[PDB]
Amino acid sequence: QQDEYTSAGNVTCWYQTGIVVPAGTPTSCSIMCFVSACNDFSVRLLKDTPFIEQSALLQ
Amino acid sequence: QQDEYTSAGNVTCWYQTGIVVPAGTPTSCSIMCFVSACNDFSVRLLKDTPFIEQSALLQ
Amino acid sequence: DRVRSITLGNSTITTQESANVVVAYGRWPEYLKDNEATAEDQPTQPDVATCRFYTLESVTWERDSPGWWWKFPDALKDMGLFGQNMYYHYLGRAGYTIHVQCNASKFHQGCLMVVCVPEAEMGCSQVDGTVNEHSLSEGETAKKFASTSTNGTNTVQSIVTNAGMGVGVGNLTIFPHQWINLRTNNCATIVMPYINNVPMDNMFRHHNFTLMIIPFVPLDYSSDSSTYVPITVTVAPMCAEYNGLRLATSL
Amino acid sequence: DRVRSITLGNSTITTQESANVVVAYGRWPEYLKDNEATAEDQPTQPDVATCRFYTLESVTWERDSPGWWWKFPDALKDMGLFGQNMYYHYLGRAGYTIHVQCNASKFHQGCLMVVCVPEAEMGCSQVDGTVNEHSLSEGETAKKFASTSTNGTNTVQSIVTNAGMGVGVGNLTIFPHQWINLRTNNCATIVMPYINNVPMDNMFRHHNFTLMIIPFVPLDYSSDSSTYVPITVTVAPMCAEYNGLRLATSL
Amino acid sequence: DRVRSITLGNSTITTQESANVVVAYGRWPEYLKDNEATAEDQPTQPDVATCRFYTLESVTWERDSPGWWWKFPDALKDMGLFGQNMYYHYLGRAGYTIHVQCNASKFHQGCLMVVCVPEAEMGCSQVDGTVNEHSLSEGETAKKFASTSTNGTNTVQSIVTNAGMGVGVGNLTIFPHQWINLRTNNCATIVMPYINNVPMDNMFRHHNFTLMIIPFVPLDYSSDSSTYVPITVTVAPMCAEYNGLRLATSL
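Protein chains in written order, with the authors' numbering: chain C, 180 to 238; chain C', 180 to 238; chain B, 11 to 261; chain B', 11 to 261; chain B'', 11 to 261. A prime marks a further copy of an entry chain.
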């Protein structure tokens, strides 16, 4: 639960040259992004998650 | 300073088959040409060059 | 794996999109040896002045092209010292390297067959008639197949399905051959040894082999791609020998 | 063979369509040693805070573009700690890795020359006049060549055929250089050592080398291919050294 | 490196543009051994009559396609002797090789995800309702996802973002999977072992795994390229075993 004190920065993307295509090709395209953790990664201090809930039993 | 006696011949270029392209591509193109000397090459009998000149001092 | 260079005499051919090389029957050209010779005079061997690449004239591959053929020799009788040596001697002998070139973009499509046929005796378009020499060969200019049956006097029956010889064209793969598939490669190369039933022969009287180029899949392209697509042939003799020097003949 | 990765500091460049790398005169950058030094104070070597890739602003390669140039240093005087170290010291020394990027489809065509020129002294478009500093360099923004002869006061004579220096542009291949041929590759990479006639120098007063980018074959495409094609530069200093610490100068 | 051949029984698959092969959890299929068996009768192992490639029906990938799924087994219950052996026995066991094919030109663009999901229990589009068997599977015909929320009785809630299971679709990468990127490759291949909590099971009652094919980047092309682009599935069982022979059941 990050605050001002434990911030970590930001990521940004820019055009270095640009997209060039020949005739007869679409001009718009898309990029996708995947995330994962490296081999130096760890966590601690177990807690309950805030993403699941109920109002009464039988759910 | 070559004359009839020390001539060396000529170079020419021709279409062997022809240029074929698909739809959506330019039909005209260009070729470029570079020149250099081989490892058996030498010169002699120094002289002044005719490519630089002046009419008076301070030039 | 796809790049190749071939050097002969003072001529050199490069290519970046070749498939492989075909050695006709696993036999490379070579000179005539002593236990197989019959003619007695000492022969001449020019050896760089004749064994080099000569380029013929190009043809235009159109959307409706049946095909082309050339006759060898007599397609090279006006090519420098090779032709001059042919004019002055009675007997000659040589093998060949043939190279066919045709380039196009990755948006064109088509398929050519390139085949060498030894002793391609041809038939006349009049059944009780015979061919003229002009109908078989125009020197460095190619003869042209037809798409339908032909008529006319002294001319070759040239409908492309029978290949001028009364066979099924799809069987011509029994001969030395390659394919030019426009999506795969851009050149074909065939090495052909001397093939005859006598050790030497006269180079004006006898056509040793015919080169045939036949499109099986027609040339096709779309909206604004290039329309002009040429085909080029280049042939180099190898291990050339001549016997029987006398005054120059005249046709 | 065509893939490459370059790591410097906390920055990394990948590429999948490179040709090779040019080491300017076979000499890699290196620090100044003792039997070649003249300045006596101990120098500072930041070593990861300065030696890393900085990316400049891009330009748009249009159908009628004469070309572009930058001056080094002074294109990097506002880039982080490298620039800050430049402001506070009297003497500096560094080599560089330059990387130029431009991608396009297999249906475009064009050819760029990428060249590094040491001590590119330039001429004024008024023969009995002199240049201003603004006319030689706009920092991280590129200056632009012309296609015809230029006029104006204090400005550089910038017709592209004479390259602002009174030579034939087609001879610029005597310098360290690469080509970007749109059908072959999409990036150029040049490694440049420190080249001067003294072991160190002041980084504000003296432009060590000029980077020039000149299209020889103009950009061309067909019906509905992409029209916007940018070019991007990225430079990383190497083996950076500074001497003579005092208060910060101001331009 | 990109070419591959797979042989099973009397069937063979070639490909020229593959990426690699995924072995689900590093475990290849294998027969049940003695220290893990519970059923006592000797089993039958047909071994070439069942372990071979069967090809299902194709689907058409349109500009607006949400996706497709199949259930295994019961997609192969009418495929020759594999299906016939399924009809006559109480217990069966098998692994699989799955191969997905989709080719297009270098001028198209799109991206498909191919994923195998064990025990894909699905939800109904009526919250206090249950699914019918027809809504889960149509044999060799694929079921189709939706792009919006669904209604109707006994049907599966099939909006593609929740994958019919109440999860985020972008997390399905936890399962065995590959991608077909139209610029990179043209086929995907997954090898799946037998995965259950008991050594054998009845092949009509229990769906072992679901095959899902989901386009993340939609199919797109320009002026006059081909519009029809199909996708094809081909599956081969491996190490097939059956126990408990009796009279043939009927659905």
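Beta carbons are placed, not taken as given, at the ideal position from N, Cα and C, and that holds for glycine.
(Q) Which residues in chain B have a C-beta closer than 8 angstroms to the C-beta of C'/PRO229? List them in chain order. (A) The residue labelled residue 229 of chain C' in the question sits at position 50 within the second sequence. Within chain B, no residue comes near C'/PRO229; the closest Cβ sits about 34 angstroms away, beyond 8 angstroms.
Q) C'/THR191 versus chain B': which residues are under 8 angstroms apart at the beta carbon? A) Within the second sequence, the letter at position 12 stands for residue 191 of chain C'. Chain B' residues near C'/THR191: none, gap ~22 angstroms exceeds 8 angstroms.
Q. Within the present structure, is the beta-carbon of B''/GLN167 separated from the nearest heavy atom of the ligand SAH by less than 6 angstroms?
A. Judged by which ligands are present, the structure shown has none, so any question about the ligand SAH falls away.
Q. For B''/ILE241 versus B''/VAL124, is the C-beta distance shorter than 7 angstroms?
A. In the fifth sequence, the residue the question calls residue 241 of chain B'' occupies position 231. In the fifth sequence, the residue the question calls residue 124 of chain B'' occupies position 114. The answer is no: Cβ separation not under 7 angstroms.
Q.
For B/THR220, which residues in the same chain have their Cβ closer than 6 angstroms to its Cβ, ignoring the five residues on either side in sequence?
A. Here the question's residue 220 of chain B lines up with position 210 in the third sequence. Only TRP79, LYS81, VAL127, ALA130 meet the Cβ criterion.
Q. In this structure, does DSSP put B''/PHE219 in helix, strand or coil?
A. By 1-based counting over the fifth sequence, the position of residue 219 of chain B'' is 209. When secondary structure is reduced to three states using DSSP, B''/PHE219 falls in the strand class.
Q) By the criterion of Cβ-Cβ separation under 7 angstroms, what are the contact partners of B'/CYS112 in chain C? A) By one-based count along the fourth sequence, residue 112 of chain B' stands at place 102. Within chain C, the residues near B'/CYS112 are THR196.
Q) Nearest CA to the CA of B'/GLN52: which residue from B'/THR259, B'/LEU261, B'/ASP84, B'/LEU255? A) Numbered from 1 along the fourth sequence, position 42 holds the residue referred to as residue 52 of chain B'. The shortest C-alpha separation from B'/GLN52 is found at B'/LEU255.
**Q.** Beta-carbon gap between B'/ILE23 and B'/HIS109 smaller than 7 angstroms
**A.** Taking the fourth sequence and counting its residues from 1, the one referred to as residue 23 of chain B' is at position 13. Taking the fourth sequence and counting its residues from 1, the one referred to as residue 109 of chain B' is at position 99. A contact, by the Cβ cut-off of 7 angstroms.
Q.
What does the Cβ neighbour count give for B'/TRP38, buried or exposed, with the cut at 16 atoms within 10 Å?
A. If you number the fourth sequence from 1, residue 38 of chain B' lands on position 28. Under this definition B'/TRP38 is an exposed residue.
Q | Status (buried if at least 16 other CB within 10 Å, exposed otherwise) for B''/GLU251 | A | Here the question's residue 251 of chain B'' lines up with position 241 in the fifth sequence. In summary, B''/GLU251 is buried, with 16 or more beta-carbon neighbours lying within 10 Å of its beta-carbon over all protein chains present.
**Q.** Where C/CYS208 meets chain D, residues with beta-carbon distance less than 9 angstroms
**A.** The chain inventory of the structure shown lacks chain D, comprising the protein chains C, C', B, B' and B''.
Q: Give the residues of chain C' in contact with B'/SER233, contact being defined as C-beta atoms less than 9 angstroms apart.
A: For the purposes of this step, residue 233 of chain B' is taken as the residue at position 223 of the fourth sequence. Under the 9 angstroms cutoff, chain C' gives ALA202, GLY203.
Q. Does the separation of the CB atoms of B''/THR65 and B''/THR259 fall below 7 angstroms?
A. For the purposes of this step, residue 65 of chain B'' is taken as residue 55 along the fifth sequence, with counting starting at 1. For the purposes of this step, residue 259 of chain B'' is taken as residue 249 along the fifth sequence, with counting starting at 1. Contact: no.
Q: Could you say if the stretch 160-173 of chain B'' and the stretch 227-241 of chain B'' meet the contact criterion of at least three C-beta pairs nearer than 8 angstroms?
A: Taking 8 angstroms as the limit for Cβ pairs, the verdict is that the stretch 227-241 of chain B'' does not touch the stretch 160-173 of chain B''.
Q) Any C-beta of chain B sitting closer than 7 angstroms to the C-beta of C'/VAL214? A) Stepping through the second sequence from its first residue, residue 214 of chain C' is reached at position 35. The Cβ of C'/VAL214 sits no closer than 7 angstroms to any Cβ of chain B.
Q | 8 angstroms contact criterion, which B''/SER147 and B''/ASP84 should meet: CB distance rounded | A | For the purposes of this step, residue 147 of chain B'' is taken as the residue at position 137 of the fifth sequence. For the purposes of this step, residue 84 of chain B'' is taken as the residue at position 74 of the fifth sequence. At roughly 6 angstroms, the Cβ-Cβ gap stays under 8 angstroms, so B''/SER147 and B''/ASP84 are in contact.
Q) Which same chain residues, not among the five before or five after B''/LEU182, have their C-beta less than 6 angstroms away from its C-beta? A) Indexing the fifth sequence from 1 puts residue 182 of chain B'' at position 172. Counting only Cβ-Cβ distances below 6 angstroms, and skipping sequence neighbours, we find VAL125.
Q: Name the two residues that bound the continuous alpha helix (DSSP H) containing B''/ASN95.
A: Indexing the fifth sequence from 1 puts residue 95 of chain B'' at position 85. Taken as a continuous stretch (DSSP letters only), the alpha helix (DSSP H) holding B''/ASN95 covers 90-98.
**Q.** B''/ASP11 versus B''/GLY176, B''/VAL31, B''/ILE169, residue with shortest Cα-Cα distance
**A.** Position 1 of the fifth sequence holds residue 11 of chain B''. The option with the nearest alpha carbon to B''/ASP11 is B''/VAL31.
Q: Out of B'/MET202, B'/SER157, B'/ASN95, B'/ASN113, state which residue places its alpha-carbon closest to the alpha-carbon of B'/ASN218.
A: Taking the fourth sequence and counting its residues from 1, the one referred to as residue 218 of chain B' is at position 208. Checked all of B'/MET202, B'/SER157, B'/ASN95, B'/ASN113; the closest Cα to B'/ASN218 is B'/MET202.
Q | From B'/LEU86, B'/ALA47, B'/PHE155, residue whose alpha carbon lies closest to that of B'/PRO225 | A | Numbered from 1 along the fourth sequence, position 215 holds the residue referred to as residue 225 of chain B'. Nearest C-alpha to B'/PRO225: B'/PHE155.
Q.
Assuming C/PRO205 and B'/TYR231 are in contact, meaning their beta carbons sit under 8 angstroms apart, how far apart are those beta carbons, in whole angstroms?
A. As a working note, residue 205 of chain C is residue 26 in the first sequence. As a working note, residue 231 of chain B' is residue 221 in the fourth sequence. Between B'/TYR231 and C/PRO205 the Cβ distance is about 14 angstroms, and since that is not below 8 angstroms, they are no contact.
Q.
At 3 residues or longer, what runs of the beta strand (DSSP E) sit wholly inside the stretch 154-242 of chain B''?
A. For the stretch 154-242 of chain B'', whole beta strand (DSSP E) runs of length 3 or above, ordered along the chain, are 187-191, 197-202, 219-230.
Q: Leaving out five residues on either side along the sequence, give the residues of the same chain with a beta carbon under 7 angstroms from the beta carbon of B'/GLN136.
A: For the purposes of this step, residue 136 of chain B' is taken as the residue at position 126 of the fourth sequence. Cβ within range, chain order: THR163.
Q. Got a sec? Which residues, its chain only, sit under 6 angstroms from B/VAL179 by beta carbon, not counting five neighbours each side?
A. As a first step, residue 179 of chain B is located in the third sequence; it is residue number 169 there, counting from the start. Counting only Cβ-Cβ distances below 6 angstroms, and skipping sequence neighbours, we find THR171, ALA173.
Q.
Judging by CA-CA distance, which residue of B''/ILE200, B''/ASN207, B''/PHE214, B''/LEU91 is the nearest neighbour of B''/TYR106?
A. Looking up residue 106 of chain B'' in the fifth sequence gives position 96. Of the candidates B''/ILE200, B''/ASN207, B''/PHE214, B''/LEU91, the residue whose Cα lies closest to the Cα of B''/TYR106 is B''/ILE200.
Q: In the DSSP assignment, find the beta strand (DSSP E) that holds B''/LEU122 and state where it starts and stops.
A: Along the fifth sequence, read from residue 1 onward, the residue named residue 122 of chain B'' stands at position 112. Residues 119-128.
Q. By DSSP, does B''/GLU148 sit in helix, in strand, or in coil?
A. Here residue 148 of chain B'' refers to the residue found at position 138 of the fifth sequence. Look at B''/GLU148 here: in three-state DSSP terms it is strand.
Q: Please name the residue in B/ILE205, B/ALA49, B/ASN195 whose C-alpha comes closest to that of B/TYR35.
A: Residue 35 of chain B sits at position 25 when you count from the first residue of the third sequence. It is B/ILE205 whose Cα lies nearest to the Cα of B/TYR35.
Q) Of all Cβ atoms in chain C, is any one closer than 7 angstroms to the Cβ of B'/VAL13? A) Walking along the fourth sequence from the start, residue 13 of chain B' turns up at place 3. Not one beta carbon of chain C lies nearer than 7 angstroms to the beta carbon of B'/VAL13.
Q. Between B/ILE241 and chain C', is there a C-beta pair that is closer than 7 angstroms?
A. Counted from its first residue, the third sequence places residue 241 of chain B at position 231. Among the CB atoms of chain C', one or more fall inside 7 angstroms of the CB of B/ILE241.
**Q.** CB contact below 7 angstroms: C/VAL199 versus chain B'
**A.** Here residue 199 of chain C refers to the residue found at position 20 of the first sequence. Under the Cβ distance rule, C/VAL199 counts among the residues neighbouring chain B', one pair being separated by less than 7 angstroms.
Q: Go through its chain and collect everything with a Cβ distance to B/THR54's Cβ below 7 angstroms, but skip five positions before and after it.
A: The residue given as residue 54 of chain B occupies position 44 in the third sequence. Only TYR252 meet the Cβ criterion.
Q | Straight-line Cα distance separating B''/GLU27 from B''/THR194 | A | Here the question's residue 194 of chain B'' lines up with position 184 in the fifth sequence. Here the question's residue 27 of chain B'' lines up with position 17 in the fifth sequence. Going by the C-alpha atoms only, they are around 8 angstroms apart.
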